Amino acid sequence: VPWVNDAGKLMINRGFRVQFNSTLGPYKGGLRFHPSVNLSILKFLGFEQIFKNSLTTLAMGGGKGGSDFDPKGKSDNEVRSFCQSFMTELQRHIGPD
Amino acid sequence: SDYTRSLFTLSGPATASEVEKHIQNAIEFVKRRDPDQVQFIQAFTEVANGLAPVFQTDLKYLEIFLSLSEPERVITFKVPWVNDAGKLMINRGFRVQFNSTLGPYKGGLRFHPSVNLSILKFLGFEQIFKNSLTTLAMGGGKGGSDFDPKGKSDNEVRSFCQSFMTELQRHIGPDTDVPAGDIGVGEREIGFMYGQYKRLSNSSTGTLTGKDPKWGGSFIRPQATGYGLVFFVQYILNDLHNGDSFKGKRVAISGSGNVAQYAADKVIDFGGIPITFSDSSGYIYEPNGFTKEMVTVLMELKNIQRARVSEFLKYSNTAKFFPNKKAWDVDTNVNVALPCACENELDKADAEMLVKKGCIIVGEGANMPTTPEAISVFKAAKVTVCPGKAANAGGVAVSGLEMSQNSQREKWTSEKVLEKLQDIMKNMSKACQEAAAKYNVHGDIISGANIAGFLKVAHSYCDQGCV
Amino acid sequence: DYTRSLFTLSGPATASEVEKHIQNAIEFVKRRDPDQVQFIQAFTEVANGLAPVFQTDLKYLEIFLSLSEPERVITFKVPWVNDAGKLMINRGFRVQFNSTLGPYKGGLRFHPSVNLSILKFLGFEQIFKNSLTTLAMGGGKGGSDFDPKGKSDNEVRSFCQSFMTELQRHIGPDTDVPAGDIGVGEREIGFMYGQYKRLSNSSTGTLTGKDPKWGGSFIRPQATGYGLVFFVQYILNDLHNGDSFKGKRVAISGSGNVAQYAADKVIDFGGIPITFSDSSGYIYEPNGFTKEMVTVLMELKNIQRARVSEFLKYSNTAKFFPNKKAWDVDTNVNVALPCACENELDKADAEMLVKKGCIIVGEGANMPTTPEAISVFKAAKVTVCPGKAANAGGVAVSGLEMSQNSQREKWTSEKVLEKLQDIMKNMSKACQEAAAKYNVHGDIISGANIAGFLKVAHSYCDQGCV
Amino acid sequence: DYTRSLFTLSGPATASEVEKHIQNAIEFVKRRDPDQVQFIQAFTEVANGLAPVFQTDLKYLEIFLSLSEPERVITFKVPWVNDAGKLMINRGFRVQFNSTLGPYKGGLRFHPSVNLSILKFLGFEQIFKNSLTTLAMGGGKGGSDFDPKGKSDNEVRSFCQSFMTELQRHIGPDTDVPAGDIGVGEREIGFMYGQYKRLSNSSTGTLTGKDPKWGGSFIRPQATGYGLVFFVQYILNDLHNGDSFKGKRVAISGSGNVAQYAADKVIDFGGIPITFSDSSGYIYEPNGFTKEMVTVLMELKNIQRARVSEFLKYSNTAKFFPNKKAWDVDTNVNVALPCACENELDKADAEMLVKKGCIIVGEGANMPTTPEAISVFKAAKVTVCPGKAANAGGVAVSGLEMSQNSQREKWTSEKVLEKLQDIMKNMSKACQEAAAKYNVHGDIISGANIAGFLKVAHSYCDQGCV
Ligand SMILES: NC(=O)c1ccc[n+]([C@@H]2O[C@H](COP(=O)([O-])OP(=O)(O)OC[C@H]3O[C@@H](n4cnc5c(N)ncnc54)[C@H](OP(=O)(O)O)[C@@H]3O)[C@@H](O)[C@H]2O)c1
Ligand SMILES: NC(=O)c1ccc[n+]([C@@H]2O[C@H](COP(=O)([O-])OP(=O)(O)OC[C@H]3O[C@@H](n4cnc5c(N)ncnc54)[C@H](OP(=O)(O)O)[C@@H]3O)[C@@H](O)[C@H]2O)c1
Ligand SMILES: NC(=O)c1ccc[n+]([C@@H]2O[C@H](COP(=O)([O-])OP(=O)(O)OC[C@H]3O[C@@H](n4cnc5c(N)ncnc54)[C@H](OP(=O)(O)O)[C@@H]3O)[C@@H](O)[C@H]2O)c1
């Protein structure tokens, strides 16, 4: 995820979307922006999310995603720039169904 | 002019010691992001250290290099398939789409139980810069699976290939990502995957390379790496050794596989005399050289009989075999050394032998054949070393020519493909020479290959807005 | 003709009949777009240039009218954030005028004056210039009212990325291949290419003018100047009974890329370039500029950004005349190549050139020769090669760039140059033949109008007039 | 507020300062589109109606200006072959103005007067009318200068199919859902729907106004008239402390669909409709029209296309007055419902109605009440229900049609009617609350302007101002 901060400097962060299971429905799960984020954590949350979503009785599968992007210390405009760049790639892999 | 200067935090010239520290900071940052990707960390380190002269002119290139070390896209996916017993099996599939600045992601697929993300990232990262060296419009990538072909029936490999391509087809295409073969993926696997891709996409395009000539394949594929090595060395001899040539030169070749065989054939076309071949058991030696007829016999022994080099004495009264020794040990003057066997095969002692025997140039057919200590010996002796990442790129170069033929919907003759491969090696050799002279030192082709490969990607990356 | 029944007007017509029908067409265009001053004027000028065709068959006027409506125009909001962090909104356009002969092809202009009327006039004319190249290219034009002046590199990047975020939805390697223009050079093409590649996840020839390292072509810098000389050389051969540039004194105006490379190619053909110019004046070498002298001039203009007068420091034979046009030079001139700007060659300049011995004019710039200057040349039987054909070398090489991308093969410089020369050979022959066919022999301006129009018109009817 | 830093202007301003800023905004809109007279007037009128909002925070003026640029406008040539076998070319349009709250939504107009300025003005206002419905709908408008008058059914079919051949590329059930308007009724909706389904190979709610047999909704013909009466009914309850239509004599102007169905719903609520009108005059029933009498009037107007005077043949009690407006009727009038045309209710008409006892005006037509008429009503404390809210019933039911298509379920007539009433219930409440918050209490005209705008502006900032 390349994005330009308020100082005009290019920053590069890592984005993830773990699409774990779609048996009962579309992948469903939150996005976490935090410096601690990595594949192991998102897989653990996404794996468990399959079965919590199953318990709801609704047609929802399991997934989880996010980035190591750290919101702390960032201006509103810097968050906007990262969010737009993050979704520029993510949109290719998601959708209402 | 410079349109991206404001984007970079690191900038300006730097001393050698400042660059060494910054490289350490970059390495540590890469480690923190991927603490246990040992091969990828090592790959980032080796490429970075080869670029110190560029970083000394402008530290912005180190920031660009770090940004290139993050893949644009990595796809991991479950691959379900049913074996011949009717049991469900699950394997992991990968496609590392590392960089597309110069063109579509390009890189092979490996099916082997050792495959994991770290290995595919190290191969994909280095592949960006070799593919840049071909001068062709190709990015860098790598993929595969932990699926183990050993012990599997043809039908089981077919089942896996179809399920694997069922997911991969979603992320590749003729203008996006063109995979190829590697360990565990040869013509059988390329054929099975191409059929599945064609069926799902309902199209006939050059989305894989390594295809059969009957459906989109290219000539010169078996000969590409050996021929390209000899083409590269020939041009270095003319440009850097004032009109020198392979003509009349005794050429010690190590290895007896496809690279060694076809390097010898092209050496003969250029008038050189190949005197040796080798394998893990020893080396064979012809005092007056091997002819094309003799190479043909050796090719049959290795490719059909699967014999050792010693078997060749059965066919030649002049041949001599020396057990448990390297080709570099041969007692005769050697003017050109072509290591085409494996990494670290030419050590400090071998290089010292070769200098005394009269070696003027080394051409690497294998990957990293020359040890660091051997390279230092060659540098002091003024023996040119042609780096493998440039000299053995003929195989990937022909894969690019296969893409060109598919885009043009025209199958080229053997002669046209060969001329194009030769022209690619001419421009690659000139670019390595020019980069070395401009940035580090004249005649250091190893430095020139590192610089020329990187800079084309980095400048294009800035042209494109660093996205 | 399988489309004959679709059109009401048919058969030959007198000049007065053609004028009446053209007036009815113009009025219809005015009612549709009452205030698009530039577009109405462009439709009028092209229609009047096609009178020889309309007199043979009035059906062509109805075809011309149906071509005057763009297939598709897209206007869109472009939001972007400047370096002060403030949201700015600009208007973006892509006029996809006609795709009969190939994908919509045409440049992008970033300038505060840009509006729909201007882009429609440029896009309409671009259909017929692109037709003349003989390549499979349609016609279009686009851009934005974004003003690059005063903008940082980063602000141009932000705008370019947002602009292409919308534009990518409507373009493609087989659909619409834009290029550069005023305000859109190497910087902007690179920023837009990167954004397009990221969004489409593909590496294709959807823009031309790219750097040779990623899909670009050789000869692009030299394309317009080289093509101008190729075209004049072939017109001299075809229409002036084997004549050539050899031994001819050539007055060149301008000292930019077009003038520099036109001079280089003139020398290759044995011509003698005697002048260069800029806004300050013109320089003159009585025995000509050599390739070495041109190289010195190129260094002065491209590196030092100097005036032409600086060249006198490097040549003792050179003379500088301030505040004068190259056409004023006191010597025999056989060829005039205006390569500076529109309206640089006026009636008085043309009368001078005729007296100095000028036999042919080649337009490297856009509309350099005024209407009265063209009348003087026509009455004197001095051939004028229209810019729409003669300066088409740039768009020609952009088409060759599309071929190289489709072939995924970078041609050598020599192959591109041979391809460009063959294009200019066929263009000159088609201009000559069209002029002769319609009874205005030697009128290369008419021949260029007819050849460009007719290939589009006939192909349009072949395709069912959709 | 996460978008504050993006806007240059911020903070409160006096009324005169806001007037200066609005003038600067108008001048900017004028320079961008110098000759779009209708659009400039629409921007001016909406901006002046939002002055109270701008006074609290000038950032809302910058947001309003950014909304005035369409996200996307597509213009395209429409070729079709008429019954004589001749090729005709018309211009097609789709202004996709704003999608902040949902897919672009707005009708299509086939009329020779159609141009970009008119469609932009209608599309811009459609953003805020659709916002008022509380439904997830953006704003848009489209059509063609194609003239249906004099055309055979087959020619309309040919044009509709060619028109949708291009339009389908830019619309979709989640992208843009067009509807009917002048020149585009059931016939045209059916022809276009068939073409869209064939090309897309899908059956979705990409058009509204469809027949109930294939994706259509009940209450579509009655929606605007019924919704007008619902809106006034709730305003009477909310602002006039429990008042209602019951027992009220209602002067209605016009005799088309809006007037007819408003009269029917007035009767349902216990009101007495006393007048109808057309360009020739008005008819008057001293004891009111019954539902049966309205049914006779509907047959006369929709079949036979007769004048209102023709109703006197069917009623001995009816009186006809030539060359006069309904507001002139000599009797006590409690409610006025202008359902004919813009500017039909002028200052003199408002003074008459106040004297006759009028307590509320409900606008079925677009801008029926002149500014001077509005001044008279405010002094008399007569509430005016703005058309942009009161006549939103048609677009509201178009949204309910989208919901039924998304659910693949046809609702009963009663369920659609219930949802339409609830929408008008919430719309009236939102208008009053907006007026109260900005200290224009009881000014439903301002409350409708503010509620429609603010939902879009706040959502626009929520979404990052893209
Ligand atoms: N062909 C290509 O596409 C290509 C491209 C780039 C780089 N390369 C590199 O080039 C090298 C050889 O390629 P190839 O196609 O010739 O492979 P190959 O067909 O396996 O031949 C390798 C040869 O080297 C010999 N060898 C291995 N280890 C040896 C040792 N320790 N001492 C002496 N000889 C030894 C092998 O003999 P044994 O049978 O006794 O092992 C064999 O004759 C490898 O490093 C490969 O990665 C190949
Ligand atoms: N190169 C192409 O492919 C291309 C593409 C599109 C259009 N054109 C047209 O070709 C012409 C310029 O081509 P170019 O690329 O060579 O542009 P350029 O590099 O800017 O050079 C233009 C030359 O003309 C001179 N000039 C401008 N106004 C003048 C005047 N009033 N009197 C005398 N000289 C004057 C300029 O000198 P100063 O330094 O004093 O301005 C400069 O030397 C223009 O008509 C342009 O629109 C060319
Ligand atoms: N129906 C909707 O959902 C909808 C949608 C958009 C806009 N509108 C607006 O609502 C109003 C009417 O809607 P509608 O569908 O009921 O239209 P309609 O079916 O045409 O009815 C309009 C009525 O007004 C009359 N009229 C026109 N000009 C008049 C005048 N100067 N004096 C007196 N009567 C006059 C017409 O009589 P003649 O036959 O003599 O003209 C006709 O009876 C218009 O302002 C229109 O813009 C309605």
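Note that these values count all heavy atoms, side chains included, but never hydrogens, waters or copies made by symmetry. Whatever order the structure lists them in is the order used to number ligands and atoms, beginning at 1. Letters A, B, ... are given to chains in the order of the sequence lines, protein chains preceding strands, and every chain is numbered from 1.
- Partners of D/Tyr282 under the ring-ring contact (aromatic ring centres under 6.0 Å, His included) rule, at least two apart in sequence or in another chain, are D/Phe321.
- Residues forming a ring-ring contact (aromatic ring centres under 6.0 Å, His included) with D/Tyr284 (at least two apart in sequence, or on another chain): none.
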Inventory of protein N or O atoms under 3.5 Å from ligand 2 N or O:
from, atom 1, to, atom 2, distance (Å)
ligand 2, 3 (O), C/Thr224, OG1, 2.5
ligand 2, 16 (O), C/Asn257, N, 3.4
ligand 2, 16 (O), C/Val258, N, 3.0
ligand 2, 24 (O), C/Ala340, O, 3.4
ligand 2, 39 (O), C/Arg307, NH2, 3.0
ligand 2, 40 (O), C/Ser279, N, 3.0
ligand 2, 40 (O), C/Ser279, OG, 2.5
ligand 2, 40 (O), C/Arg307, NH1, 2.9
ligand 2, 43 (O), C/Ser255, N, 2.9
ligand 2, 43 (O), C/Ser255, OG, 3.1
ligand 2, 43 (O), C/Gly256, N, 3.3
ligand 2, 45 (O), C/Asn366, N, 3.2

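- Partners of B/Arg110 according to the side-chain hydrogen bond (donor to acceptor under 3.5 Å, both in side chains) rule, which considers only residues two or more places apart in sequence or in another chain, are B/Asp182.
- Between the side chain of B/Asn324 and the backbone N or O of B/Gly282 there is no donor-acceptor pair closer than 3.5 Å.
- A distance-only check finds no donor-acceptor pair linking the side chain of D/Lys325 to the backbone of D/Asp349 [under 3.5 Å].
- Counting only distance, with no hydrogens or angles, the side chain of B/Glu402 and the backbone of B/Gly210 share a donor-acceptor pair below 3.5 Å.
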